[PDB]
Student: 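I have a structure I would like to understand better, so I am pasting it below and will then ask my questions one at a time.
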Amino acid sequence: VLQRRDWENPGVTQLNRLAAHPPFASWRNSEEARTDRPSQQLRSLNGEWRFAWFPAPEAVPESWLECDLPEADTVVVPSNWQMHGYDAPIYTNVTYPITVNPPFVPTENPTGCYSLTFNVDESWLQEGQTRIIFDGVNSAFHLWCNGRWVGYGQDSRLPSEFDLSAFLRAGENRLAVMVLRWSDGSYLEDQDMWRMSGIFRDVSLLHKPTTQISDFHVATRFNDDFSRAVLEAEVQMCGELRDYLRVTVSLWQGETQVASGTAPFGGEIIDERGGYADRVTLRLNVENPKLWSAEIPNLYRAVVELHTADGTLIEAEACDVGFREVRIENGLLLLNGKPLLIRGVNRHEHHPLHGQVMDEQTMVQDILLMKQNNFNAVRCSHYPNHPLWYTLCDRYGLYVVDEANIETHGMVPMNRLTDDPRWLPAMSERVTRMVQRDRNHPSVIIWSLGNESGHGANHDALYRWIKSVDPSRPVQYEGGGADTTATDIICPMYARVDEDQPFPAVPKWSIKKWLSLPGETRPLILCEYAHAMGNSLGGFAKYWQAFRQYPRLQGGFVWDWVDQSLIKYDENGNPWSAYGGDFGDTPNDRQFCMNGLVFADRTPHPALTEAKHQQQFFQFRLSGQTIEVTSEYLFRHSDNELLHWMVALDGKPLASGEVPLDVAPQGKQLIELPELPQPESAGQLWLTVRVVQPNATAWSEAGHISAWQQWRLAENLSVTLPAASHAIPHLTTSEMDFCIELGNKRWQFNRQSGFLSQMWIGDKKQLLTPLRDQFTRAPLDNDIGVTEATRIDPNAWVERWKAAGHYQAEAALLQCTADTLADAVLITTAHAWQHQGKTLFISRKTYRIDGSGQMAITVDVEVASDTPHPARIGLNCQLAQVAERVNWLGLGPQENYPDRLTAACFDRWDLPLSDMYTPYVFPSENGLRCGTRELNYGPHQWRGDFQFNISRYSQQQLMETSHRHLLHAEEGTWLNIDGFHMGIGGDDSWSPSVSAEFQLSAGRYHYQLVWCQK
Amino acid sequence: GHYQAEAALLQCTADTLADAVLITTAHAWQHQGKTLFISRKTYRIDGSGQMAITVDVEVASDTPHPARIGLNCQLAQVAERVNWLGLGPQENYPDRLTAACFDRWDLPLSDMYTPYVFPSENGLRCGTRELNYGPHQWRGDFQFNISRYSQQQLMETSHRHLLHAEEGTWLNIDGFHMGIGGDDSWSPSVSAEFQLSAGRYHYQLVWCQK
Ligand SMILES: CC(C)S[C@@H]1O[C@H](CO)[C@H](O)[C@H](O)[C@H]1O
Ligand SMILES: [Mg+2]
Ligand SMILES: [Mg+2]
Ligand code: NA
Ligand code: NA
Ligand code: NA
Ligand code: NA
């Protein structure tokens, strides 16, 4: 066993492991099978096991086989032993966490010894078969029962089952499991995620009778209009064949039995030697089947009864059946004859406290949030999931891409193993045993051959295997250029909408271009797009405009759902979010483990609302007073929807109403708005519509908003000249300052710096740091990319800004004058920002302080055309006051940026100061709000047309601090007011991704602000 | 009412600074009670004889995007040559300027007019940083056309041969000019990125004599 290193042999992936099959429970009562109640024949060993850690399997004491080690501790199972602290979890993206020397792994190979002492009743051993099921063991294990070696298993993400019948005794038994962290299986498990280990999914014991249902497959086929279906059920048995044996497959809609078939064993002739005597195929007619989709997840219950002709039950198995057809026709992916639009997300199995152990609550939380945010699909990135996931997807309604546990990203080249026939056996089992397990789940609509393993001949073989075995689902795979002979769907990752990326051998064409390449006919659905790392999803709207305009652009899966951050604790025992390198793990890929739409605790990032808005199922158009509503449902009518509409003048409500929605799938409804009264006062009328769900569903609460849109209506421009003031501001001059006085107010301009350095209301300072131009931002993850101090990526935005001296450019004064006017004082300034003799930016300003106390600031900036376009053009200052609330007229309520503001609505928003900061785990520029006409904070009011963020954290602190938990609130409030701000990008996070129309390239910029007190 | 809108003065003030005079104006263009455009300008005249013009325009969001945002006047001078640092030498528009090259161009006045058989706005040059004509020089970042025909005559005249040189020279200087389109000529064809929809517009000029 130590002799024979099976964990270093890709030719050995298991020993004595039983055949894979769909979920079993071996009910002995038909009614219990029908209702899906617990089964007495299926026991959970999810309790406290004994555990001990060793640096290598050579260090495991032989005594551990027969007896418990006193050194061992008592730990919860399922678990990852890294989450218990026995050794460290490693975060690496591409580079393998071990030396690349297949089939070999390190001699120092962390070994987890699990054991359990448990009871078996005599009744389980008198007759029949007792098997143990390990749903998940990472990454390879040897199993012993009562001292005796049972078997061995690889593949971390599929159940391993072993017959214990001959090993057990009635009463006290002991299981011993030696789990190896590293194996030859690790070479095929190089997914971009925390590398962990252990018995991390359910362990169970299953009792089956000797004469048993050993396998069953459910197929549903349809006539052209889906008014007729045949359910075909192939059922296999093990045990001794007998003439009196029968199978009954019955189909149920709730408590109504809809169809039933009974036959003895003995299939039709197959070839010259006969048929399968151990198999039967039952076929049931179903008239006007209720069809399954993510829109309406209609399910039936199939009960599979093995019994005698006279009617004694032997055992029953069961599954949920969803009637649906998935096919590709004329280059379109069809579900029930209708072209899908995939509103998808990739989802890793990750919990911040429990690692890679999944639980029902977290699973359900995820589904609810997904459906609540207009997602209809999920990709199992990048392995078969916990078996309950598929059940939940079946029941709530989500389309699933089921993906084999094969990723060889770190090989050179990427297909070095997948093109090697010696690795085909190992690969084949990871595909075959997934299909055998999951093939009865209606939620699974597409099979995937794995991820980032290049394109090798093994892919082509395994592609064809699934096509033979299961014609009911398309097979996709992205490796080796996303349009190879091993995929039914063009499935690129991070291909852009309009921009080609012509990498040699594996180009990523513009998705619109890819579709029409000579000879290309297939549908395109991105397996990964819109990399949601930190402040991201810039340009998301561009994808959806394209998905909606192009039939064959059928959507994609966002990368990804949830940040893979883990909880650590400080000296005060306070929790914080950790990423790569925070466990002494090295090499690592730092914050790249965090790419989620939600935080690890399932709190949303601002990007989620942008995804919800773009993935809406109702589209809107306005013509005069008529709203046109178009449904993008393919199957359901809008029978739990009403349209609320509201017209407001600069945030002030003027009229509202509601109209029920009554839209056929793909249909249109016209809504004529009543005559709206004219406003007296100036300003812009805005129309906002919202789709509300009056009733609760299985996935949402009463009053849930599923869609919205906004339009500008009439605008009445202000022509009224403000009331003339009788006071006139007084200018006081010193060598160091221009001071302006008006009533209880004072303004101070430093003549050496050229900036407003202080402001007084009554006697009190308003500024802690003078008002100064700013052209930089604390860099986003998209700005940073894959650059490092030891290995600069000169193409990354941050590195371009640094090398050009944007971050260390010092303001030099060119002009500072003061003129007294009739009813105002005018300060005129000019500055140059230079780096090593090169003039980067020029800023020319006037400040006009009139008798009404208002300060008008006009700013005109020049940006050298050959310097990298700047992150922002605006001002910043540190205010002295900390106020409770922030009130603004502009886009909100949530964080929004120029290329991620479609979700935001224009209105009057009022939030606590803390909501104006986004707690990204890796800190950066954040909390900006665009299209803002008025900002209110304490006694201050700023007016104009600007973008702003406001918080207790300076841009400097944000860029200097690598974790949110190390941030400290600074004195006062940092205000950044921008005339212009660069896009955030996110098409990917390892190359510049900000689109040209969102780069600040205009050369000359102008903005104006009015600063006053209310 | 774009063609018949009349200016209504909102503000006209003068200020003496240390080495300059500043004129501040604001106008509203209106049609039937509706305000289409607001123009706020400053004119800063210094000791060097330069007049700096700042222009800030508001366009009502429910009025159709205007063809241009600029200034015009009829100059008394008739000069032989037009000299400019900008895109040329030929007529060019925002959606048709890729062929034009940035350089120093010098043409006879009649080359700054394009004799389309059916007369319309014509002879614009974009991306112009400096324009010279007779005793005048304009600097900034603007589009212009210059000819002996007013926009009014061009629009009222159906055939090129019926046009007559007006007294002096008509100068149109635009901070912004709408695309010309052409995908077809029977439905609107100016693409959205070339429509003047920004709502608020800024441009600046310096008028002087060399
Ligand atoms: C060139 C590398 C950045 S590969 C890139 O890394 C990402 C990091 O989140 C994801 O894992 C993507 O799937 C992968 O293609
Ligand atoms: Mg092996
Ligand atoms: Mg990878
Ligand atoms: Na489409
Ligand atoms: Na990642
Ligand atoms: Na930082
Ligand atoms: Na004409």
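Below, all heavy atoms of this structure are taken into account, side chains as well, without hydrogens, waters or symmetry copies. Order of listing sets the numbers, starting from 1, for every ligand and every atom in it. Throughout, protein chains are lettered first and strands after them, A, B, ... in sequence-line order, and every chain is numbered starting at 1.
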Student: Below 4.0 Å, non-hydrogen atoms only: which portion of A:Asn451 touches ligand 1? Side chain, backbone, both or neither.
Tutor: neither
Student: Measuring centre to centre across the rings, with the benzene-like ring taken for any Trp, is A:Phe592 within less than 6.0 Å of A:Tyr579?
Tutor: no
Student: Taking the N/O/S atoms of A:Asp6 one by one, which is nearest to the Mg ion (ligand 2)?
Tutor: O
Student: Could you tell me the residue and atom name of the protein heavy atom closest to atom 4 (S) of ligand 1, and the distance to it rounded to 0.1 Å?
Tutor: A:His409 CE1, 3.9 Å
Student: Any N/O/S atom of B:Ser120 sitting less than 3.0 Å from the Na ion (ligand 7), backbone or side chain?
Tutor: no
Student: Aromatic ring centroids of A:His348 and A:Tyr383 under 6.0 Å?
Tutor: yes
Student: Looking at B:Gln152, I'd like to know if its CD atom is crowded, meaning that more than 12 non-hydrogen atoms belonging to other residues, nucleotides or ligands lie closer than 6.0 Å.
Tutor: no
Student: Just to be sure I'm reading this right: ignoring hydrogens, which of A:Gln591, A:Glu452, A:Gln191 gets closest to atom 14 (C) of ligand 1? Compare them by their nearest heavy atoms.
Tutor: A:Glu452
Student: If you measure from atom 9 (O) of ligand 1 to every heavy atom of A:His531, A:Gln564, A:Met193, which option wins on shortest distance?
Tutor: A:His531
Student: For A:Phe592, take its heavy atoms, then give the atoms of ligand 1 lying under 4.0 Å from any of them.
Tutor: 8 (C), 9 (O)
Student: Does the N or O separation between A:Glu528 and ligand 1 drop below 3.5 Å for any pair?
Tutor: yes
Student: Backbone or side chain, does B:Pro119 get an N/O/S atom under 3.0 Å to the Na ion (ligand 7)?
Tutor: yes
Student: How close do A:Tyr477 and A:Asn451 get, counting heavy atoms only, and between which atoms?
Tutor: CE1-N, 3.9 Å
Student: Mind checking whether the Mg ion (ligand 2) has an N, O or S of A:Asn9 under 2.8 Å?
Tutor: yes
Student: Please state whether the separation between the Mg ion (ligand 2) and some N/O/S atom of A:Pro103 is under 2.8 Å?
Tutor: no
Student: Please report the closest heavy-atom contact between A:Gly985 and A:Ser536, naming both atoms and the distance.
Tutor: O-OG, 3.5 Å
Student: For ligand 1, which atoms sit closer than 4.0 Å to a heavy atom of A:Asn595?
Tutor: 9 (O)
Student: Among all the protein's non-hydrogen atoms, which is closest to atom 2 (C) of ligand 1, and how far away is it?
Tutor: A:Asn93 ND2, 4.2 Å
Student: Can you classify the ring geometry of A:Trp194 versus A:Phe583 as parallel (below 30°), tilted (30 to 60°) or perpendicular (above 60°)?
Tutor: perpendicular
Student: If you compare all heavy atoms of A:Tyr152 against all heavy atoms of A:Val12, which two are closest, and at what distance to 0.1 Å?
Tutor: CE2-O, 4.0 Å
Student: Is the number of heavy atoms from other residues, nucleotides or ligands under 6.0 Å of A:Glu108 CD greater than 12?
Tutor: no
Student: Of all N, O or S atoms in A:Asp184, identify the one at the shortest distance from the Mg ion (ligand 2).
Tutor: OD2
Student: With heavy-atom distances below 4.0 Å as the criterion, list the atoms of ligand 1 near A:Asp192.
Tutor: 7 (C), 8 (C), 9 (O), 10 (C), 11 (O)
Student: Could you list the atoms of ligand 1 found under 4.0 angstrom from a heavy atom of A:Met493?
Tutor: 15 (O)
Student: In terms of relative ring orientation, are A:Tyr96 and A:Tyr187 parallel, tilted or perpendicular, with 30° and 60° separating the classes?
Tutor: tilted
Student: Please state whether the rings of A:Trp144 and A:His142 are parallel, tilted or perpendicular, taking 30° and 60° as the class boundaries.
Tutor: tilted
Student: Test of geometry: compute the angle O(B:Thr157)-the Na ion (ligand 7)-O(B:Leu154) and round it to 10°.
Tutor: 80°
Student: Tell me, please, if A:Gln154 has any N/O/S atom, main chain or side chain, under 2.8 Å from the Mg ion (ligand 2)?
Tutor: yes
Student: For the residue pair B:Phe118 and B:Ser158, what are the closest heavy atoms and their distance?
Tutor: CD1-O, 3.4 Å
